[PDB]
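Undergrad: The structure that follows is given in the form of structure tokens.
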Amino acid sequence: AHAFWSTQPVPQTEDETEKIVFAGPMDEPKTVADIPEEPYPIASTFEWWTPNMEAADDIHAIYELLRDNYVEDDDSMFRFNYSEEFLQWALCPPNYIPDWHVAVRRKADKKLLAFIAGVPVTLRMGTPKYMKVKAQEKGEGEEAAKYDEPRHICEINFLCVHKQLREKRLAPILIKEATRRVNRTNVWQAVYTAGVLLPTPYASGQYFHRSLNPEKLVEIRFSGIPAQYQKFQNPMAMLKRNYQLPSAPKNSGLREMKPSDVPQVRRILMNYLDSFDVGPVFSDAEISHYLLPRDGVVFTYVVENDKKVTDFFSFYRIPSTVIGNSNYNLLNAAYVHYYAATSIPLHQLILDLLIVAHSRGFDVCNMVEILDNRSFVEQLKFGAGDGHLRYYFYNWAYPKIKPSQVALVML
Ligand SMILES: CCCCCCCCCCCCCC(=O)SCCNC(=O)CCNC(=O)[C@H](O)C(C)(C)COP(=O)(O)OP(=O)(O)OC[C@H]1O[C@@H](n2cnc3c(N)ncnc32)[C@H](O)[C@@H]1OP(=O)(O)O
Ligand SMILES: NCCCC[C@H](NC(=O)[C@H](CO)NC(=O)CCCCCCCCCO)C(=O)NCCC1CCCCC1
Ligand SMILES: [Mg+2]
């Protein structure tokens with residue numbers, strides 16, 4: 001079945017994943033000094049390249065590769081169009097390792113053919129709550145607790161092979177070279193996500209979509225006028241009315257996040273995320289980086305009561321190219337990012353996210369059913385789409401968990 005993934009330290013089947021009762025590594029313990037110091041062999045017409053990520057042409061080259069060759073929906077109607085500013089943000093968090101950004105170029109002309117990115121993340125990835133209970137029952141609490149400490153690992157994103165090089169076994173070479181560069185820095189696990197099923201996810205959830213500009217979504221066939229609307233004399237205007245939103249936020253204490261909010265947002269986010277089995281731990285510099293507003297990229301608002309931050313929400317922007325429509329080239333999507341509510345119901349916090357996104361010209365708001373996102377689906381009129389996001393670890397056995405026990409938002 002899997003000539004590459006059968007050779008890797010990952011659970012090989014659902015049945016095997018069903019058998020896992022404790023968190024912990026899969027592979028032989030190794031040491032840095034055992035890992036090759038030379039780059040993995042590659043054919044003589046290609047070369048490895050480490051882009052500099054904060055330098056504009058290098059970001060542009062990766063931008064072009066992903067604009068033309070990154071993920072599409074299953075019908076090849078939309079392709080992500082991550083911006084250059086978004087990629088500089090996502091790939092350069094505090095203390096990022098430049099060497100974990102890996103590219104293949106054609107040696108002759110320096111054409112970018114393939115890319116993968118790794119960034120640091122500190123992740124809680126110890127045995128989950130339901131499995132710690134069974135451990136107590138059986139007198140196995142010490143082994144269930146062994147890997148409780150948050151670990152400094154690699155978060156992978158943006159794997160892409162140019163369309164002309166597909167199914168030539170180039171993705172395994174890129175994945176082995178990234179693994180080598182991460183292991184040479186004494187890091188032995190990774191976390192990654194994909195829309196496709198690979199061996200073997202520890203969690204899976206559907207995507208949900210909240211229509212903000214239904215007339216455009218219908219015109220570009222992102223959504224339709226649903227068959228039920230045919231009972232109406234005028235199906236589209238009913239649909240506009242259905243999804244209409246206030247022109248201004250309803251929580252009076254809401255404002256954009258500023259730098260002096262960082263310690264309070266860190267505190268309330270960290271305390272909220274402790275309720276999930278798998279989630280990130282962020283320093284003040286990582287809260288600053290991932291949450292302070294950046295135009296066109298990330299948008300963050302706080303609710304301030306009596307000069308204290310009591311709630312906040314964030315969303316990020318990823319446009320998609322619309323492949324072939326005569327009226328529109330781009331789908332402007334907002335994605336639910338981190339949030340925490342302590343003074344109001346979550347639905348009432350996230351209604352203001354929808355309000356602000358619509359005010360700023362977003363067409364749809366998207367999310368996976370991680371965090372407590374299911375708690376506001378029905379009242380805020382999100383509907384399930386056709387895709388899923390699957391969560392995976394490299395070199396980590398982990399019991400299957402529900403997606404509502406996952407607190408890591410992937411960009
Ligand atoms: C400790 C540090 C560890 C660091 C690394 C941790 C692991 C990170 C792992 C990567 C996480 C990435 C997270 C994301 O970014 S998920 C998004 C991935 N990108 C896209 O979908 C963009 C469009 N497609 C492509 O660019 C190509 O189709 C890709 C690059 C996906 C595959 O190229 P191609 O189609 O030309 O195929 P090949 O002949 O070269 O290679 C075939 C082999 O590739 C296996 N395959 C197919 N799709 C994926 C996939 N999404 N993750 C992992 N493996 C995948 C496949 O099962 C087969 O192996 P096996 O079935 O024969 O065994
Ligand atoms: N195939 C035809 C177009 C479907 C468009 C949309 N689907 C997605 O965007 C899907 C997600 O659903 N996207 C994809 O499948 C592509 C991405 C999948 C994940 C890739 C992640 C890579 C991660 C790297 O770390 C969708 O279903 N829209 C329906 C909206 C509707 C609004 C009214 C209420 C009901 C819903
Ligand atoms: Mg290939």
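Residue numbering restarts at 1 in every chain; chains get A, B, ... in the order shown in the structure tokens, and ligands count up from 1 in that same order.
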Could you produce a table of the residues of chain A lying within 8 Å of ligand 1, with the nearest pair of atoms per residue and their separation in Å rounded to one decimal, using only C-alpha atoms and all ligand atoms, ordered by chain and increasing residue number, as a tab-separated table?

TA:
residue	atom	partner	partner_atom_place_in_ligand_line	distance
A:1	CA	ligand 1	61 (O)	6.4
A:2	CA	ligand 1	63 (O)	3.3
A:3	CA	ligand 1	63 (O)	4.2
A:4	CA	ligand 1	63 (O)	3.4
A:5	CA	ligand 1	63 (O)	3.8
A:6	CA	ligand 1	63 (O)	6.1
A:7	CA	ligand 1	63 (O)	7.9
A:66	CA	ligand 1	22 (C)	7.9
A:69	CA	ligand 1	23 (C)	5.9
A:70	CA	ligand 1	22 (C)	4.0
A:71	CA	ligand 1	22 (C)	4.1
A:72	CA	ligand 1	23 (C)	7.1
A:114	CA	ligand 1	30 (C)	7.6
A:116	CA	ligand 1	15 (O)	7.1
A:118	CA	ligand 1	4 (C)	7.4
A:153	CA	ligand 1	1 (C)	7.4
A:154	CA	ligand 1	2 (C)	6.0
A:155	CA	ligand 1	4 (C)	7.8
A:156	CA	ligand 1	8 (C)	6.0
A:157	CA	ligand 1	15 (O)	4.4
A:158	CA	ligand 1	15 (O)	4.3
A:159	CA	ligand 1	15 (O)	3.9
A:160	CA	ligand 1	26 (O)	3.5
A:161	CA	ligand 1	26 (O)	3.9
A:162	CA	ligand 1	26 (O)	6.1
A:163	CA	ligand 1	26 (O)	7.0
A:165	CA	ligand 1	36 (O)	6.1
A:166	CA	ligand 1	36 (O)	3.3
A:167	CA	ligand 1	39 (O)	3.2
A:168	CA	ligand 1	39 (O)	4.4
A:169	CA	ligand 1	39 (O)	3.3
A:170	CA	ligand 1	40 (O)	3.9
A:171	CA	ligand 1	40 (O)	3.7
A:172	CA	ligand 1	41 (O)	5.6
A:173	CA	ligand 1	40 (O)	7.9
A:175	CA	ligand 1	5 (C)	5.5
A:176	CA	ligand 1	5 (C)	7.1
A:178	CA	ligand 1	4 (C)	5.5
A:179	CA	ligand 1	3 (C)	4.1
A:180	CA	ligand 1	2 (C)	7.4
A:181	CA	ligand 1	2 (C)	7.9
A:182	CA	ligand 1	2 (C)	5.2
A:183	CA	ligand 1	1 (C)	5.9
A:187	CA	ligand 1	1 (C)	5.8
A:188	CA	ligand 1	1 (C)	4.1
A:189	CA	ligand 1	1 (C)	4.1
A:190	CA	ligand 1	2 (C)	4.8
A:191	CA	ligand 1	6 (C)	6.9
A:192	CA	ligand 1	13 (C)	5.3
A:193	CA	ligand 1	13 (C)	5.3
A:194	CA	ligand 1	16 (S)	4.0
A:195	CA	ligand 1	16 (S)	6.5
A:196	CA	ligand 1	51 (N)	6.4
A:198	CA	ligand 1	57 (O)	6.3
A:393	CA	ligand 1	6 (C)	7.4
A:394	CA	ligand 1	6 (C)	5.2
A:395	CA	ligand 1	1 (C)	6.9

Undergrad: Please, could you write that set of residues out with C-alpha atoms as a short mmCIF file (atom, residue, chain, number, x, y, z; two decimals), in the first residue's frame?

TA:
data_model
loop_
_atom_site.label_atom_id
_atom_site.label_comp_id
_atom_site.auth_asym_id
_atom_site.auth_seq_id
_atom_site.Cartn_x
_atom_site.Cartn_y
_atom_site.Cartn_z
CA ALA A 1 0.00 0.00 0.00
CA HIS A 2 2.60 2.74 1.15
CA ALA A 3 6.16 2.32 -0.11
CA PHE A 4 7.29 5.53 1.81
CA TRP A 5 4.97 5.77 4.82
CA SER A 6 5.45 2.04 5.72
CA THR A 7 9.16 2.92 6.39
CA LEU A 66 2.04 27.83 -3.85
CA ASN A 69 0.51 24.42 -7.29
CA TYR A 70 -0.85 24.30 -3.70
CA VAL A 71 -4.09 22.72 -2.37
CA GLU A 72 -7.33 22.78 -4.33
CA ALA A 114 9.12 21.83 -4.35
CA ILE A 116 8.12 22.19 2.79
CA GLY A 118 8.87 23.61 9.55
CA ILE A 153 8.68 20.09 18.40
CA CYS A 154 8.34 20.89 14.67
CA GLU A 155 5.09 22.01 13.07
CA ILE A 156 5.10 21.21 9.31
CA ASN A 157 3.08 23.12 6.70
CA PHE A 158 3.14 24.10 3.01
CA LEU A 159 4.38 20.82 1.45
CA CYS A 160 4.08 21.37 -2.31
CA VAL A 161 5.45 19.70 -5.47
CA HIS A 162 5.06 21.56 -8.75
CA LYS A 163 2.28 20.09 -10.95
CA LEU A 165 6.75 16.92 -11.14
CA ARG A 166 3.87 15.05 -9.59
CA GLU A 167 4.03 11.29 -8.83
CA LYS A 168 7.76 11.12 -9.37
CA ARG A 169 8.46 10.33 -5.66
CA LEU A 170 9.83 13.78 -4.94
CA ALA A 171 7.64 14.38 -1.81
CA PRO A 172 9.34 11.53 0.15
CA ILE A 173 12.80 12.98 -0.60
CA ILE A 175 10.10 14.90 3.78
CA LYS A 176 13.35 12.86 4.54
CA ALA A 178 13.26 18.04 6.45
CA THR A 179 13.30 15.18 8.97
CA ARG A 180 17.18 15.15 8.83
CA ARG A 181 17.45 18.96 9.38
CA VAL A 182 14.97 18.86 12.27
CA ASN A 183 16.70 15.78 13.91
CA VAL A 187 13.96 17.55 17.67
CA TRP A 188 12.29 14.18 17.10
CA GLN A 189 8.56 14.77 16.76
CA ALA A 190 6.45 16.80 14.37
CA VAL A 191 2.81 17.69 14.11
CA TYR A 192 1.11 18.14 10.69
CA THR A 193 -2.32 18.25 9.16
CA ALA A 194 -3.74 17.24 5.76
CA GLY A 195 -7.06 17.11 3.93
CA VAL A 196 -6.21 13.56 2.75
CA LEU A 198 -2.55 9.08 5.42
CA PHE A 393 2.13 13.30 14.57
CA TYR A 394 5.46 12.05 13.32
CA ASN A 395 7.27 9.68 15.76
#

Undergrad: Any idea what's packed within 6 Å of residue 103 of chain A, counting only C-alpha atoms, ignoring anything in its chain fewer than 5 positions away? Could you give it as number ranges by chain?

TA: A: 48-49, 114-115

Undergrad: Report as a VMD selection string: the residues of segment 14-166 of chain A with a DSSP assignment of strand (DSSP E or B), based on the backbone of this structure.

TA: chain A and resid 24 46 to 49 72 78 to 80 101 to 106 112 to 124 151 to 161

Undergrad: Within 8 Å of ligand 2, which residues show up when you count only C-alpha atoms and all ligand atoms? List them as JSON, numbers by chain, please.

TA: {"A": [71, 72, 73, 74, 75, 76, 77, 78, 79, 156, 157, 158, 159, 192, 193, 194, 195, 196, 206, 207, 208, 209, 210, 211, 217, 221, 222, 223, 224, 381, 382, 383, 384, 385, 386, 387, 388, 389, 410, 411]}

Undergrad: DSSP on the backbone, then: every residue of segment 2-217 of chain A marked alpha helix (DSSP H), written as a ChimeraX atom specification.

TA: /A:14-19,56-69,84-91,129-138,141-145,170-183,214-217

Undergrad: For each of A:338, A:391, A:82, A:22, take the minimum atom-to-atom distance to residue 313 of chain A, counting only C-alpha atoms, then give the residue where this is smallest.

TA: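 Looking at the shortest contact to residue 313 of chain A, the residue is A:338.
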
Undergrad: Go through segment 135-226 of chain A and flag each residue having an atom no more than 10 Å from segment 281-288 of chain A; for those, report the closest pair of atoms plus their distance in Å to one decimal, using only C-alpha atoms, ordered by chain and rising number, as a Markdown table.

TA:
| residue | atom | partner | partner_atom | distance |
| --- | --- | --- | --- | --- |
| A:150 | CA | A:281 | CA | 7.4 |
| A:151 | CA | A:281 | CA | 9.3 |
| A:152 | CA | A:281 | CA | 9.6 |

Undergrad: For those residues, write N, CA, C and O atoms to a file as a compact mmCIF listing (two decimals), in the first residue's frame.

TA:
# COMPACT_ATOMS: atom_id res chain seq x y z
N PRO A 150 5.19 19.80 28.33
CA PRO A 150 5.07 20.36 26.90
C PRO A 150 6.36 20.24 26.17
O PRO A 150 7.49 20.38 26.74
N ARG A 151 6.32 19.77 24.89
CA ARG A 151 7.55 19.47 24.18
C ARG A 151 7.80 20.53 23.06
O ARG A 151 6.79 20.94 22.36
N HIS A 152 9.04 20.82 22.84
CA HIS A 152 9.42 21.74 21.77
C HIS A 152 9.62 20.89 20.55
O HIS A 152 10.66 20.16 20.38

Undergrad: Might you pull out every residue within 10 Å of residue 216 of chain A, with only C-alpha atoms counted and same-chain residues fewer than 2 positions away left off, and present them as an NGL selection string?

TA: :A and (211-214 or 218-223 or 327-328 or 331 or 363-364)

Undergrad: Give the answer as one residue: which of A:201, A:238, A:296, A:246 has the shortest atom-to-atom distance to residue 15 of chain A, using only C-alpha atoms?

TA: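 Closest to residue 15 of chain A, using only C-alpha atoms: A:201.
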
Undergrad: Have a look at A:44, A:13, A:122, A:164 and name the one nearest to ligand 3; count only C-alpha atoms and all ligand atoms.

TA: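 For ligand 3, the nearest of the candidates is A:164.
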
Undergrad: Pick out the residues sitting within 7 Å of residue 147 of chain A, and hand them over as a PyMOL selection string; count only C-alpha atoms, and ignore anything fewer than 4 positions along from it in its own chain.

TA: chain A and resi 23-24+126

Undergrad: Using N, CA and C atoms, can you export the residues from the last selection as a PDB file, in the first residue's frame?

TA:
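So again-v6.pdb came out as:
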ATOM      1  N   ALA A  23       0.619   8.211  25.491  1.00  0.00           N
ATOM      2  CA  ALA A  23       1.514   8.973  24.617  1.00  0.00           C
ATOM      3  C   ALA A  23       2.997   8.566  24.683  1.00  0.00           C
ATOM      4  N   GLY A  24       3.752   8.667  23.596  1.00  0.00           N
ATOM      5  CA  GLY A  24       5.143   8.500  23.644  1.00  0.00           C
ATOM      6  C   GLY A  24       5.756   8.239  22.269  1.00  0.00           C
ATOM      7  N   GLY A 126       0.853  15.078  25.963  1.00  0.00           N
ATOM      8  CA  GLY A 126       0.821  13.850  26.832  1.00  0.00           C
ATOM      9  C   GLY A 126      -0.481  13.110  26.796  1.00  0.00           C
TER      10      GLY A 126
END

Undergrad: Kindly give the distance, in Å, that separates atom CA of residue 378 of chain A and atom CA of residue 408 of chain A, rounded to a single decimal.

TA: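 Between these atoms lies a distance of 22.6 Å.
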
Undergrad: Would you please work out which residue, of A:113, A:330, A:102, A:248, is nearest to ligand 3 when using only C-alpha atoms and all ligand atoms?

TA: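 So, comparing all the options, the nearest one is A:113.
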
Undergrad: Using only C-alpha atoms and all ligand atoms for the distances, tell me which of A:302, A:174, A:146, A:250 is nearest to ligand 3.

TA: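 Smallest separation from ligand 3 among the options: A:174.
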